[PDB]
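Next comes final19.pdb, with PDB, C-alpha atoms.
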```pdb
ATOM      1  CA  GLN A   1     -22.770  82.106 -24.017  1.00  0.00           C
ATOM      2  CA  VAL A   2     -25.996  83.241 -25.698  1.00  0.00           C
ATOM      3  CA  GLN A   3     -27.164  86.654 -24.464  1.00  0.00           C
ATOM      4  CA  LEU A   4     -29.951  89.106 -25.143  1.00  0.00           C
ATOM      5  CA  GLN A   5     -29.660  92.317 -23.121  1.00  0.00           C
ATOM      6  CA  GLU A   6     -32.521  94.861 -22.889  1.00  0.00           C
ATOM      7  CA  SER A   7     -32.848  98.393 -21.581  1.00  0.00           C
ATOM      8  CA  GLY A   8     -35.054 101.462 -21.822  1.00  0.00           C
ATOM      9  CA  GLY A   9     -37.998 100.646 -19.579  1.00  0.00           C
ATOM     10  CA  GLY A  10     -39.342 102.902 -16.875  1.00  0.00           C
ATOM     11  CA  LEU A  11     -42.317 104.718 -15.415  1.00  0.00           C
ATOM     12  CA  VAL A  12     -44.123 107.211 -17.623  1.00  0.00           C
ATOM     13  CA  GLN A  13     -47.396 109.096 -17.716  1.00  0.00           C
ATOM     14  CA  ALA A  14     -50.146 107.907 -20.043  1.00  0.00           C
ATOM     15  CA  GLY A  15     -49.741 109.406 -23.498  1.00  0.00           C
ATOM     16  CA  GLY A  16     -45.957 109.452 -23.123  1.00  0.00           C
ATOM     17  CA  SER A  17     -43.287 107.494 -24.946  1.00  0.00           C
ATOM     18  CA  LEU A  18     -40.447 105.127 -24.173  1.00  0.00           C
ATOM     19  CA  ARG A  19     -37.811 103.420 -26.297  1.00  0.00           C
ATOM     20  CA  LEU A  20     -36.626  99.906 -25.533  1.00  0.00           C
ATOM     21  CA  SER A  21     -33.390  98.574 -26.965  1.00  0.00           C
ATOM     22  CA  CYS A  22     -31.994  95.045 -27.065  1.00  0.00           C
ATOM     23  CA  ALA A  23     -28.504  93.822 -28.022  1.00  0.00           C
ATOM     24  CA  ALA A  24     -28.024  90.224 -29.155  1.00  0.00           C
ATOM     25  CA  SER A  25     -25.152  87.702 -29.022  1.00  0.00           C
ATOM     26  CA  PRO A  26     -22.922  87.947 -32.134  1.00  0.00           C
ATOM     27  CA  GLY A  27     -24.467  84.939 -33.959  1.00  0.00           C
ATOM     28  CA  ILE A  28     -27.984  84.048 -32.651  1.00  0.00           C
ATOM     29  CA  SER A  29     -29.731  86.920 -34.478  1.00  0.00           C
ATOM     30  CA  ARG A  30     -28.099  87.190 -37.924  1.00  0.00           C
ATOM     31  CA  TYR A  31     -30.472  86.099 -40.737  1.00  0.00           C
ATOM     32  CA  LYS A  32     -33.173  85.637 -38.108  1.00  0.00           C
ATOM     33  CA  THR A  33     -36.208  87.538 -36.871  1.00  0.00           C
ATOM     34  CA  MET A  34     -35.992  89.610 -33.680  1.00  0.00           C
ATOM     35  CA  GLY A  35     -39.045  90.299 -31.555  1.00  0.00           C
ATOM     36  CA  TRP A  36     -40.615  91.867 -28.475  1.00  0.00           C
ATOM     37  CA  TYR A  37     -43.015  90.188 -26.026  1.00  0.00           C
ATOM     38  CA  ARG A  38     -44.634  91.426 -22.823  1.00  0.00           C
ATOM     39  CA  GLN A  39     -46.006  89.892 -19.653  1.00  0.00           C
ATOM     40  CA  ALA A  40     -48.219  91.482 -17.025  1.00  0.00           C
ATOM     41  CA  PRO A  41     -48.554  89.853 -13.569  1.00  0.00           C
ATOM     42  CA  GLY A  42     -50.798  86.817 -13.642  1.00  0.00           C
ATOM     43  CA  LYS A  43     -50.940  86.771 -17.447  1.00  0.00           C
ATOM     44  CA  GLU A  44     -49.220  84.710 -20.099  1.00  0.00           C
ATOM     45  CA  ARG A  45     -46.364  86.162 -22.124  1.00  0.00           C
ATOM     46  CA  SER A  46     -47.737  87.623 -25.371  1.00  0.00           C
ATOM     47  CA  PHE A  47     -46.451  88.957 -28.705  1.00  0.00           C
ATOM     48  CA  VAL A  48     -45.808  92.699 -29.210  1.00  0.00           C
ATOM     49  CA  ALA A  49     -43.735  93.193 -32.381  1.00  0.00           C
ATOM     50  CA  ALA A  50     -41.133  91.592 -34.641  1.00  0.00           C
ATOM     51  CA  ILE A  51     -38.868  92.509 -37.543  1.00  0.00           C
ATOM     52  CA  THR A  52     -37.352  90.065 -40.008  1.00  0.00           C
ATOM     53  CA  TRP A  53     -33.764  90.160 -41.212  1.00  0.00           C
ATOM     54  CA  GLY A  54     -35.100  91.618 -44.465  1.00  0.00           C
ATOM     55  CA  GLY A  55     -36.888  94.410 -42.567  1.00  0.00           C
ATOM     56  CA  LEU A  56     -40.536  93.322 -42.633  1.00  0.00           C
ATOM     57  CA  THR A  57     -42.356  94.359 -39.450  1.00  0.00           C
ATOM     58  CA  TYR A  58     -45.519  93.010 -37.828  1.00  0.00           C
ATOM     59  CA  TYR A  59     -47.335  93.970 -34.638  1.00  0.00           C
ATOM     60  CA  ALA A  60     -49.881  92.845 -32.116  1.00  0.00           C
ATOM     61  CA  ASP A  61     -53.275  94.336 -32.959  1.00  0.00           C
ATOM     62  CA  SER A  62     -53.303  96.219 -29.633  1.00  0.00           C
ATOM     63  CA  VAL A  63     -50.136  98.232 -30.393  1.00  0.00           C
ATOM     64  CA  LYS A  64     -50.410  98.747 -34.172  1.00  0.00           C
ATOM     65  CA  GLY A  65     -50.146 102.438 -35.003  1.00  0.00           C
ATOM     66  CA  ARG A  66     -48.552 103.262 -31.618  1.00  0.00           C
ATOM     67  CA  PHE A  67     -45.369 101.167 -31.433  1.00  0.00           C
ATOM     68  CA  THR A  68     -42.575 100.931 -33.995  1.00  0.00           C
ATOM     69  CA  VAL A  69     -39.995  98.134 -34.115  1.00  0.00           C
ATOM     70  CA  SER A  70     -36.715  98.731 -35.948  1.00  0.00           C
ATOM     71  CA  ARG A  71     -33.345  97.105 -36.131  1.00  0.00           C
ATOM     72  CA  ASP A  72     -29.664  97.678 -36.905  1.00  0.00           C
ATOM     73  CA  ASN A  73     -28.587  94.427 -38.567  1.00  0.00           C
ATOM     74  CA  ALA A  74     -24.873  95.269 -38.312  1.00  0.00           C
ATOM     75  CA  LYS A  75     -25.068  95.974 -34.550  1.00  0.00           C
ATOM     76  CA  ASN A  76     -27.319  92.961 -33.801  1.00  0.00           C
ATOM     77  CA  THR A  77     -29.659  95.353 -31.977  1.00  0.00           C
ATOM     78  CA  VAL A  78     -33.442  95.699 -32.071  1.00  0.00           C
ATOM     79  CA  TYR A  79     -35.507  98.652 -30.829  1.00  0.00           C
ATOM     80  CA  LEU A  80     -39.108  99.282 -29.793  1.00  0.00           C
ATOM     81  CA  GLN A  81     -40.302 102.880 -29.977  1.00  0.00           C
ATOM     82  CA  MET A  82     -43.416 102.994 -27.793  1.00  0.00           C
ATOM     83  CA  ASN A  83     -45.688 105.995 -28.353  1.00  0.00           C
ATOM     84  CA  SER A  84     -49.081 107.004 -26.970  1.00  0.00           C
ATOM     85  CA  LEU A  85     -48.657 104.702 -23.999  1.00  0.00           C
ATOM     86  CA  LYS A  86     -51.701 103.436 -22.100  1.00  0.00           C
ATOM     87  CA  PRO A  87     -52.047 101.910 -18.610  1.00  0.00           C
ATOM     88  CA  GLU A  88     -52.915  98.612 -20.348  1.00  0.00           C
ATOM     89  CA  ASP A  89     -49.346  98.694 -21.728  1.00  0.00           C
ATOM     90  CA  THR A  90     -47.910  98.116 -18.236  1.00  0.00           C
ATOM     91  CA  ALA A  91     -45.894  94.873 -18.241  1.00  0.00           C
ATOM     92  CA  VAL A  92     -42.428  93.377 -18.255  1.00  0.00           C
ATOM     93  CA  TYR A  93     -41.107  93.620 -21.819  1.00  0.00           C
ATOM     94  CA  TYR A  94     -38.782  90.970 -23.272  1.00  0.00           C
ATOM     95  CA  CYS A  95     -36.840  90.907 -26.454  1.00  0.00           C
ATOM     96  CA  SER A  96     -36.625  87.503 -28.094  1.00  0.00           C
ATOM     97  CA  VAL A  97     -35.124  85.461 -30.903  1.00  0.00           C
ATOM     98  CA  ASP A  98     -36.203  81.955 -31.873  1.00  0.00           C
ATOM     99  CA  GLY A  99     -33.533  79.485 -30.818  1.00  0.00           C
ATOM    100  CA  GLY A 100     -35.473  76.967 -32.865  1.00  0.00           C
ATOM    101  CA  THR A 101     -37.085  77.197 -36.273  1.00  0.00           C
ATOM    102  CA  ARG A 102     -40.849  76.787 -35.601  1.00  0.00           C
ATOM    103  CA  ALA A 103     -41.965  80.050 -33.943  1.00  0.00           C
ATOM    104  CA  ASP A 104     -42.649  77.955 -30.853  1.00  0.00           C
ATOM    105  CA  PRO A 105     -42.005  80.216 -27.826  1.00  0.00           C
ATOM    106  CA  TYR A 106     -40.817  77.263 -25.764  1.00  0.00           C
ATOM    107  CA  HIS A 107     -37.736  77.470 -28.031  1.00  0.00           C
ATOM    108  CA  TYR A 108     -37.104  81.209 -27.730  1.00  0.00           C
ATOM    109  CA  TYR A 109     -34.136  82.939 -26.173  1.00  0.00           C
ATOM    110  CA  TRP A 110     -35.241  85.812 -23.948  1.00  0.00           C
ATOM    111  CA  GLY A 111     -33.692  88.914 -22.510  1.00  0.00           C
ATOM    112  CA  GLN A 112     -33.854  89.561 -18.787  1.00  0.00           C
ATOM    113  CA  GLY A 113     -36.946  91.752 -19.072  1.00  0.00           C
ATOM    114  CA  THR A 114     -37.465  95.472 -18.534  1.00  0.00           C
ATOM    115  CA  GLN A 115     -40.354  96.896 -16.544  1.00  0.00           C
ATOM    116  CA  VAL A 116     -42.682  99.401 -18.230  1.00  0.00           C
ATOM    117  CA  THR A 117     -45.284 101.118 -16.036  1.00  0.00           C
ATOM    118  CA  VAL A 118     -47.790 103.606 -17.449  1.00  0.00           C
ATOM    119  CA  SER A 119     -49.656 105.625 -14.833  1.00  0.00           C
ATOM    120  CA  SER A 120     -53.112 107.018 -15.603  1.00  0.00           C
TER     121      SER A 120
END
```
Could you take the file, read its structure, and then write that structure out as structure tokens?
Amino acid sequence: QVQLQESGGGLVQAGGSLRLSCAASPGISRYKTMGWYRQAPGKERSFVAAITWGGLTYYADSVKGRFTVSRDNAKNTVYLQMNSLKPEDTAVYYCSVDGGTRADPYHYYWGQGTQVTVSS
């Protein structure tokens, strides 16, 4: 079976930090880009951060300078270090890998989701 498995969420005061981690099935992530998305109630799922196999990172404008995505290619694991958290960051966070080849999120594999709540 194909599995992505996340952890690290929680409840934290504004200005704090969290670290999300995600472990991927032995073959769906190698040579491929791994990413993080988030979804607040009543909103569509939206991009947060991604890191290519070669190590290039890119971020949503709203988290640039605050979040850092990294990855251990050998362990098939991706991480999201979340600093300077804001109430607007509250959402369910999902790690993701494209099961297709078009960056079309209808084709993505998703983790189960991990709740992040930032109290003001």
Report summary line: As a check of understanding: the span from atom CA of residue A:92 to atom CA of residue A:30 is 25.1 Å
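Computed from the coordinates, the atom CA of residue A:88 to atom CA of residue A:118 distance equals 7.7 Å.
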Report task. Would you mind listing what lies within 12 Å of residue A:110 as a PyMOL selection string, with all atoms listed in the file counted and same-chain residues fewer than 4 positions away left out? Result -> chain A and resi 2-6+22-25+28-29+34-38+45+92-99+105-106+114
Query raised in the report: With distances taken over all atoms listed in the file, which of A:48, A:63, A:20, A:56 is nearest to residue A:86?
Result: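 Selected residue with least distance to residue A:86: A:63.
From atom CA of residue A:43 back to atom CA of residue A:100, the distance works out to 23.9 Å.
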